[PDB]
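Results of the structural survey
Now for the letters of each chain:
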Amino acid sequence: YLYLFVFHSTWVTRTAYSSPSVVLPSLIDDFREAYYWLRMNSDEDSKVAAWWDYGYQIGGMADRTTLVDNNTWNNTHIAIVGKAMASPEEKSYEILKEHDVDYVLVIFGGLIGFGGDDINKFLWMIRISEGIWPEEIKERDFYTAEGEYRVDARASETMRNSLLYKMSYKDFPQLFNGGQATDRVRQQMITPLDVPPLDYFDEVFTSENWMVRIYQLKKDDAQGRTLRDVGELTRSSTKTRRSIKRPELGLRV
Amino acid sequence: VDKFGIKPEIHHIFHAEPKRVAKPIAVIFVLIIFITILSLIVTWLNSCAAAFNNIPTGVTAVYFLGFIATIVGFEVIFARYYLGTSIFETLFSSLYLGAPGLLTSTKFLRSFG
Amino acid sequence: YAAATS
Amino acid sequence: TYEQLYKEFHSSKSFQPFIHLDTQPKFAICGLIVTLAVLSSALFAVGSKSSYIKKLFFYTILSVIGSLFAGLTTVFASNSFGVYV
Amino acid sequence: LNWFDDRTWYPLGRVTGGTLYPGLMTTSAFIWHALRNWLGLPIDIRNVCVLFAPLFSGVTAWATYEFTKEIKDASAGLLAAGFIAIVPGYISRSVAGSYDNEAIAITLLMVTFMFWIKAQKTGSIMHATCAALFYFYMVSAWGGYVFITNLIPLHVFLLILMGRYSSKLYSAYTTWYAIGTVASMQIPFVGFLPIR
Amino acid sequence: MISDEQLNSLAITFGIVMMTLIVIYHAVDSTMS
Amino acid sequence: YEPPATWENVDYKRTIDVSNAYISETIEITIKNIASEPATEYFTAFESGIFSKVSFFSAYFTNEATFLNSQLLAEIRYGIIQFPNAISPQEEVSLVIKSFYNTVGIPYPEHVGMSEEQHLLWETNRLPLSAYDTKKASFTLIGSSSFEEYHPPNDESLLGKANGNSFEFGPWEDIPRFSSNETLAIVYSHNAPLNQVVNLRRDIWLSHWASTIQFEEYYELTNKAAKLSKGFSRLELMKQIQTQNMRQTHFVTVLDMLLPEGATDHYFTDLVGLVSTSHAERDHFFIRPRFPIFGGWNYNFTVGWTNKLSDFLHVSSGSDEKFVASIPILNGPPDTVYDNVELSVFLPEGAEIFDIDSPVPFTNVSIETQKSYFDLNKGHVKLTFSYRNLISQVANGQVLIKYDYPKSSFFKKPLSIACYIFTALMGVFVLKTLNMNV
Amino acid sequence: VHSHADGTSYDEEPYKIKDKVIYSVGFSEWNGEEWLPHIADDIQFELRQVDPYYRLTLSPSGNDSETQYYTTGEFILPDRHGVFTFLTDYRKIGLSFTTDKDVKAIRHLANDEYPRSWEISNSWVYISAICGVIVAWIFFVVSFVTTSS
Amino acid sequence: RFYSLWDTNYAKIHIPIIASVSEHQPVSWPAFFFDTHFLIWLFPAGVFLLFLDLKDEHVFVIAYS
Ligand SMILES: *[C@@H]1O[C@H](CO)[C@@H](O[C@@H]2O[C@H](CO)[C@@H](O[C@@H]3O[C@H](CO[C@H]4O[C@H](CO)[C@@H](O)[C@H](O)[C@@H]4O)[C@@H](O)[C@H](O[C@H]4O[C@H](CO)[C@@H](O)[C@H](O)[C@@H]4O[C@H]4O[C@H](CO)[C@@H](O)[C@H](O)[C@@H]4O[C@H]4O[C@H](CO)[C@@H](O)[C@H](O)[C@@H]4O)[C@@H]3O)[C@H](O)[C@H]2NC(C)=O)[C@H](O)[C@H]1NC(C)=O
Ligand SMILES: CCCCC/C=C/C/C=C\CCCCCCCC(=O)O[C@H](COC(=O)CCCCCCCCCCCCCCC)COP(=O)([O-])OCC[N+](C)(C)C
Ligand SMILES: CCCCC/C=C\C/C=C\CCCCCCCC(=O)O[C@H](COC(=O)CCCCCCCCCCCCCCC)COP(=O)([O-])OCC[N+](C)(C)C
Ligand SMILES: CCCCC/C=C\C/C=C\CCCCCCCC(=O)O[C@H](COC(=O)CCCCCCCCCCCCCCC)COP(=O)([O-])OCC[N+](C)(C)C
Ligand SMILES: CCCCC/C=C\C/C=C\CCCCCCCC(=O)O[C@H](COC(=O)CCCCCCCCCCCCCCC)COP(=O)([O-])OCC[N+](C)(C)C
Ligand SMILES: *C(=O)c1ccc(-c2c3ccc(=[N+](C)C)cc-3oc3cc(N(C)C)ccc23)c(C(=O)[O-])c1
Ligand SMILES: *[C@@H]1O[C@H](CO)[C@@H](O[C@@H]2O[C@H](CO)[C@@H](O)[C@H](O)[C@H]2NC(C)=O)[C@H](O)[C@H]1NC(C)=O
Ligand SMILES: *[C@@H]1O[C@H](CO)[C@@H](O[C@@H]2O[C@H](CO)[C@@H](O)[C@H](O)[C@H]2NC(C)=O)[C@H](O)[C@H]1NC(C)=O
Ligand SMILES: *[C@@H]1O[C@H](CO)[C@@H](O)[C@H](O)[C@H]1NC(C)=O
Ligand SMILES: [Mn+2]
């Protein structure tokens, strides 16, 4: 039994407890690749807004300021980030801008099949924000009308319009040829029309296996109009305006 | 009429420094403590008998002085620490004093007992 | 097992 | 002068190693043994309880030999593990 | 010890002085300084941080050897040390690369327990002081020191109820409590928690 | 450097050597005491 | 400071080549001696900005194969050429002057898409800038597929014709000296990454005990090509790669370093860890950065390898304990421009440097000592050469060092380790025979 | 520019809670011919974390030839520590908008920057107790090894 | 967290961040084998054997266990 103990212990140590975390064995080096890009091609004072789980790693490898870390002394702050990721892009933009955030980082495992992606941690963010602000983020709206957590063509309108969803599935269907892509952690089909355009954020980096995706807040319009209007202008195909009708705008101060 | 007009001034409101007692009361209590120490030191030498009979004599006296010098000298170190010197200086001074003191104190205690 | 969300 | 130094370099013989790197690992596995033996004897020379002077004599000579062997072993082992000295 | 990092929790910041346990870092820094200044080999700080846990695994094995040697014999101590060296349960949180608090913490725990048992059965002030100093080291290293703070009293309490009170017990416990408690209120994180 | 398989062999070799030596210690200690 | 001694340029032919990540110039001048007194020197003229970054300056005789003495004299700044023999009062001499500069043109449209080819804009003087009157001239731009001019002047004479890939500017036949009132801006095509190394740090460690010379280079690299318009899209990059877009590109995906023969123990890491995409072939070390370096991106990495000391260290004949070492100056990618180089040769503790030589001029030499893994006495001798503008293939020189390493100093390393172990053992002895029992 | 009240900079001494600092900034106008000094009384300065902790009206103090300088007099930094922004946002209608920002870190108080024990009277009492105990312990040890039983 | 060790359902009710981290969850029987093979059956025995011969050291070990 003692010799069996030696053998069992060595096998257990080799198989399960000796795996590194920064590099998934295949090597998949997406984490370090994205963090190094952030370290080399971003301003030294820039701030990165991601989930708490990946705070320490960023500070160690990206060497950039972080809103939240693995140590969780303040829970309202983490709730703020969770609200910033479970709400429509306008609200997210306003909240993140109010905290001088430059970049947003998301983890996506749809291609490889990571399983530790943000979409497999979204229901927790919605919970934590729900605690602080019970009237704005409601967990019962990220489900279908039947109670199902779907990321398919049968997702809730609130799901499809959240920041995390629209920022993780961007340009995904156009990857898999034919005009329809297939996820590999949730096993559902995403079509090019299931993903609305992002009008407040730019993509600046996407790792090689599409595991880390880094977006950058775009500066507000010089003309002082909502970025959704700039978008709906740059998209809507040129056509004659409907008519000239007196605008309902109120009273000028 | 948002962010178009001069804005009201804001001024931070600070807390209060905790109240320290008036020096007369502290002086009275310091005197009480000093009197207590003196009363102890005299109770030993008077009502109680601290005989001081067996003062060491011969070569053992040298070890006795070495022992007393380690005993007072560690306290001198700790006072030199309370008054500003660094932990590293207080950690090297202790080593220097301790090694010959660890030899001479053990020797006194071995001889006398 | 690590300090991360499940 | 670049010309003079260059001519001296080219018309000269190349470096020859004292002990080739390939053979140095074996020397380490031999030197370790010798040090282990001598040092162990030295460690077993502080219990002899024969004579303080005899203990000092034995310990000192054995320690000297062991120290020289250990220094050589350290150099050979360092070189053999890829940390060149 | 007086470090405010402005690169974490950006609006608020973090005062690391009173939100961090300073003993793993201090031990690593001491090993680094010792290797480069005295022994003469200047290894990197990443390498010391990586190979910190493998180094203290042997210390934990020796501590287990002594602790078991205090309960039965030296043979049982050798068996215990052999078991703890390769046991997957300990290995899980102490593989080369793992640099959390547990790496050194579970070593100090066994050392503290060794001294406590040596102090309780013998009845000596010196071993109780050694236990108190290592308990301080654990307080400064990990946040699960509270286990010791509630296990050493419990043992003593049971010994009172089974009728096995002696003077060795008074001496050992009072000396451990006094020195350990006054010394564990010096870590800024702990503060005045021991009394309130 | 040393390969993974060789590391596995070294780990198991050290473990077996350790266990046998401990068993020998126990046997001698029990018989002689 | 117009040069007093005078010459006359009978023919001044200038050819500027733009096919690399730098500018190479070749001026073929025939000079006559205006002055009756025999003249021995010639002064060439550079502007201020161009003289600030000129990497290689050379001059030679058209007929002969020898290199005339040529220096840079330190606001038309000058360089001085020195003729081997005194030139007669009236006589003609033909020289070919060759210069390599550290400047390339800026992209004319600063932002281009991943696929589009890049066009670069270069600004220079069209008319010969000289300190001596010129009776004929030409200027020919070679090395790019397309040459066009930005803001061409009205005059027909100041215009360029295209023969093959060249852009000839036509033979002028009367040029005043010191006349630089004309500016030429030319846009040329380019489809290559403009690799700039901001700083390079080279460490070369010599070890006598193990006959191995180890090289470790830290690169700070940046691509100077056109920035990516509309941002970086992984989708576009993958679509390019899958369709076998094997044409030319202006972003860096793989770097092919050329190492000395027989190299072993290759490694390629960066500040975050060991990169795995690094194929070592025969004397070539292919390296793939983590992320493709597009226009304006920074990548800092470290490469390293090991060689044999017998290939670089030679022993002097008169004394067995004096050594001469010749060390290469650059072992980098094929086409690259360096802006600062700090070459540090580490020598064993005993060595005492005796003579030093560098083929290219340096900006600073310093000798100090830096400790190492078993340095228990003082440390390795560190000799550092600082250089400024160096080009990948022009700068092929070898630093020569002569040092004295006595046999007494070879054996001292074991002895020092032995003295440490001996003192530790004596300390154990004292600690073991000193009773402290009360 | 912002500095300590005594002229010390931020690099020589990083800011600490409840410190006294001065903020100054200058302005200039373009009549279309020459830059001149801009005399305005509406300019304000804000020290913000995410919401204004200090809003102070800047006062004219010191004119150059082409510029006029404004200053907030010495003010004490908050007792709250963190990363605070020093902001001057001039946004008047008809005029050009000018924004100046500067994120600085306001540290907490270190361990050695608290008042020492000999300066608090309550501490006087407790120090007296500690000294009396150390002195009595020394006397005790000398007497325990001297006096025969 | 110490209260949570007695009121097992407490975490989810109030603190929602403690119940998201995988580290603070119960363990199924297989894990007490995967980690201490052979020792796990032999430990409950050693506790009984130390209980038949109570000493102060043994009282310690028993409480710990
Ligand atoms: C964890 O993270 C979270 C989020 O990241 C951190 O939480 C944030 O903490 C902030 C400060 O601690 C807090 O901001 C305060 O909120 C107060 C309440 O806001 C709500 O109510 C008000 C109406 O009362 C609404 O307007 C508002 O929209 C909210 O609904 C505000 O009252 C605070 O305002 C005061 O402070 C700010 C900042 O200094 C001033 O700009 C403002 O003018 C107010 O100033 C008064 O008080 C200060 C002292 O605080 C005085 O210096 C000043 O002169 C003013 O004093 C007058 O008024 C007071 C009474 O207020 C009176 O006594 C005095 O005599 C004067 O008359 C401020 O806005 C954030 O809201 C909060 N965020 C969230 C999401 O919770 C949390 O700190 C982190 N945890 C940590 C760090 O441990
Ligand atoms: C205060 C006294 C402390 C007590 C110690 C006793 C005194 C004697 C001193 C040391 C003797 C041996 C020390 C050598 C260990 C360094 C190896 C290293 O660090 O190797 C690391 C990685 O290892 C390896 O490759 C193999 C790992 C094997 C290590 C062996 C472990 C035995 C010792 C364990 C604990 C050692 C304690 C030291 C650190 C806490 C270097 O990897 P790298 O990426 O940096 O370079 C790699 C080389 N490129 C540049 C080409 C990339
Ligand atoms: C026979 C006689 C022997 C005497 C007894 C010896 C040992 C008793 C042990 C208990 C010590 C209690 C507290 C000590 C405070 C030391 C820190 C310090 O010193 O930091 C202090 C304050 O920081 C702290 O609170 C820090 C909290 C403590 C952190 C300790 C580090 C943790 C590591 C533990 C083990 C380290 C081992 C390393 C390698 C093995 C500043 O010091 P300073 O340089 O400003 O000093 C100037 C002198 N002022 C005091 C007048 C200004
Ligand atoms: C007291 C009893 C000690 C017993 C030790 C027993 C066994 C040790 C077994 C294995 C440890 C070495 C295995 C890993 C080898 C590669 C490490 C590596 O590659 O890392 C090294 C640094 O690491 C080390 O210094 C390893 C130290 C090796 C020590 C070897 C053991 C013999 C000496 C024992 C202690 C004697 C102390 C005497 C003091 C007077 C990476 O250096 P670098 O990145 O600068 O690359 C070099 C690039 N230049 C050179 C261009 C800068
Ligand atoms: C209480 C004491 C502690 C007991 C033991 C503790 C820890 C040891 C357990 C496990 C260590 C795992 C080994 C991993 C090392 C990876 C590197 C490697 O395996 O290097 C192997 C080399 O190996 C060997 O030839 C072994 C050398 C034989 C050494 C003789 C015994 C060692 C003596 C050490 C202490 C001597 C000091 C004496 C006085 C203080 C391959 O390296 P490479 O091909 O890259 O060489 C680079 C290429 N050239 C060859 C050109 C350089
Ligand atoms: C903590 O939550 C946790 C620790 C370990 C494991 C685990 C593995 C994780 C990563 C692995 N690699 C990427 C190599 C392999 C793992 O192997 C395991 C095997 C078992 N067995 C045999 C029952 C159990 C756990 C691991 C996990 C995990 O992913 O399950 C989680
Ligand atoms: C990687 O190398 C680049 C190139 O030298 C470094 O860039 C310089 O960084 C300093 C400080 O950030 C700036 O002042 C210089 O202007 C930068 N130079 C260029 C050309 O951009 C960069 O700092 C290095 N990065 C790391 C992490 O070491
Ligand atoms: C050349 O030598 C060195 C190159 O590093 C420089 O002088 C030293 O620079 C270091 C850099 O920190 C300083 O610490 C030293 O004080 C300088 N002097 C010495 C003697 O080391 C400098 O660039 C040049 N020195 C010259 C030309 O004298
Ligand atoms: C500054 O002083 C006043 C304005 O306050 C006025 O005389 C003029 O604008 C300036 N004079 C000088 C000498 O700068
Ligand atoms: Mn932890």
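Residues numbered from 1 in each chain as written, not as in the entry; some residues may be left out. Chains lettered and ligands numbered in written order. Part of a larger assembly, values for the part shown. Heavy atoms only, no water. Residues with missing side-chain atoms left out of burial classes, pairs and counts.

Per the deposited record, the coordinates in this entry were obtained by cryo-EM to a resolution of 3.1 Å.

The line we're drawing: UniProt positions are given in the numbering used here, feature names are shortened, and annotations may be inferred rather than shown by experiment.
What the UniProt record of chain D gives under Pathway is the line "Protein modification; protein glycosylation." Taken directly from UniProt, the Subcellular location text for chain D runs: "Endoplasmic reticulum membrane".

**Here's the deal with the interface of chain I and chain A**
To keep it simple, the criterion reads: Any two residues whose heavy atoms approach within 4.5 Å are treated as being in contact. Buried area is calculated as the accessible area (1.4 Å probe) missing from two parts once they are joined, with the contributions of both summed. For this analysis, a salt bridge means a side-chain nitrogen from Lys or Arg found within 4 Å of a carboxyl oxygen belonging to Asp or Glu. In DSSP terms, a helix is any run of H or I states spanning at least four residues, a strand is any run of E spanning at least two, and both are numbered starting from the N terminus. Under the grouping applied here, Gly and all other residues not named as nonpolar or charged are polar, the nonpolar ones being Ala, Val, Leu, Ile, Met, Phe, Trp, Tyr, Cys and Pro and the charged ones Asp, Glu, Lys and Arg.
On the side of chain A, 15 residues touch chain I, which itself brings twelve residues to the contact. Looking at the side of chain I facing chain A, the largest losses of area belong to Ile17, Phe34 and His37 of chain I, adding up to 54% of the total buried there. The interface formed by chain I and chain A contains zero salt bridges. Secondary structure elements with two or more residues in the side of chain I that touches chain A: α2 (31-34) and α3 (39-52) of chain I. Looking at the side of chain I that touches chain A residue by residue, the classes come out as nine nonpolar, two polar and one charged.

**As for the site of ligand 6**
Defined as follows: By convention in these notes, a residue is near a molecule or strand provided one of its non-hydrogen atoms lies within 4 Å of it. In the analysis that follows, any N or O atom pair within 3.5 Å is treated as a polar contact, provided that within protein one partner can donate a hydrogen and the other can accept it, and provided that, for residues neighboring in sequence, both atoms belong to side chains. Areas reported here follow the Shrake-Rupley algorithm with a probe of radius 1.4 Å; residue values treat only the protein chains shown as occluding.
By nearness alone, every residue bordering ligand 6 is listed as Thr15, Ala16 and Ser19 of chain A, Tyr1 of chain C together with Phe34 of chain I. Positioned at a junction of chains, ligand 6 has nearby residues supplied by chains A, C and I. The separation between an oxygen atom of ligand 6 and a polar main-chain atom of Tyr1 of chain C is 2.2 Å. Protein contact buries 44% of the 640 Å² of open area that ligand 6 shows by itself. Residues that form the shell around ligand 6 fall into these classes: three nonpolar, two polar and no charged.

**Some points on the sheet that holds strand β7 (residues 212-217) of chain A**
Residues and elements named next belong to chain A. Operational definition: Pairing between two strands requires that DSSP report at least two bridges joining them. Axes here mean lines fitted to C-alpha atoms, for a helix over just the part in contact, with angles spanning 0 to 180 degrees between N-to-C directions.
Reading across from one edge, β2-β1-β3-β7-β6 is the order of the five strands in this open sheet, with mixed pairing throughout. Edge positions in the sheet fall to β2 (65-66) and β6 (201-206), since each of these pairs with one other strand and no more. Contacts between helix α2 (residues 30-40) and the sheet are confined to β1 (47-49), β3 (103-107), β6 and β7, with β7 contributing the most and set at about 25° to the helix.

**What to know about the packing of aromatic side chains**
Heads up, the rule is: Geometry of aromatic contacts follows a simple scheme: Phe, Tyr and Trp rings, the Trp one being its six-membered ring, pair when their centres are within 6.5 Å, and the pair is stacked under 30 degrees between planes, edge-to-face over 60, tilted otherwise. Geometrically, a charge over a ring is one whose NZ (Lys) or CZ (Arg) sits within 6 Å of the ring centre while staying within 35 degrees of the ring normal.
Within the structure shown, the criterion is met by 101 aromatic pairs over all chains. Put simply, the rings of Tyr36, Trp37 and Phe205 of chain A together with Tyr219, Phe232, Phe251, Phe268, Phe291, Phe294, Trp297, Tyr299 and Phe301 of chain G pair up and form one aromatic cluster. A cation sits over an aromatic face here: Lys83 of chain A above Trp133 of chain A, 4.8 Å from the ring centre. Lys322 of chain G extends its terminal NZ or CZ atom over the ring of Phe354 of chain G, reaching a point 5.4 Å from the ring centre.

**What to know about the interface of chain G and chain D**
Residue-level contacts link 43 residues of chain G with 39 residues of chain D. Carbon and sulfur atoms supply 72% of the area that chain G and chain D bury against each other, a total of about 3,700 Å² over both sides. Its largest share of buried area at the contact with chain D, chain G owes to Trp209, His314 and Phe429 of chain G, together 19% of the area lost on that side. Joining chain G to chain D, the criterion identifies one salt bridge. The salt bridge involving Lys402 of chain G is made with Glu8 of chain D; its shortest N-O contact spans 2.8 Å.

**As for the arrangement of the chains**
Between all 16 pairs of chains that are in contact, chains D and G come out with the most contacts. For chain A and chain D, which are not in contact, the least C-alpha distance works out to 24 Å. Here chain B and chain I are not in contact; the least distance found between their C-alpha atoms is 32 Å.

**Remarks on the UniProt feature "transmembrane region" in chain D**
All names here are of chain D. Here the UniProt-annotated "transmembrane region" positions come out as residues 27-47 and 56-76. Helix makes up 81% of residues 27-47 and strand 0%, and the two end C-alpha atoms of the span are 32 Å apart. Taken end to end, residues 56-76 is 100% helix and 0% strand, and its two terminal C-alpha atoms sit 30 Å from one another.

**Things to note about the packing of helix α3 (residues 52-69) of chain E against helix α6 (residues 102-122) of chain E**
Packed helix pairs are characterised by how far apart their axes lie and by the angle those axes make with each other. Residue and element names in this part refer to chain E. Stated precisely, the cut-off is as follows: To sort the angles, those under 35 degrees are grouped as roughly parallel, those over 145 as roughly antiparallel, those from 65 to 115 as roughly perpendicular, and the leftovers as oblique. Crossing handedness is read from the near helix: turned anticlockwise from the far helix by less than a right angle, it gives a left-handed crossing, and turned clockwise, a right-handed one.
Put simply, α3 and α6 touch, their axes get as near as 9 Å, and they point 20° apart. One finds that α3 runs roughly parallel with respect to α6. Crossing hand, α3 versus α6: left-handed. Between α3, through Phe52, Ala53, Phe56, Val59, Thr60, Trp62, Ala63, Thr64, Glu66 and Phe67, and α6, the contact on the second element is made entirely by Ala103, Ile104, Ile106, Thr107, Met110, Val111, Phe113, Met114, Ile117 and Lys118.

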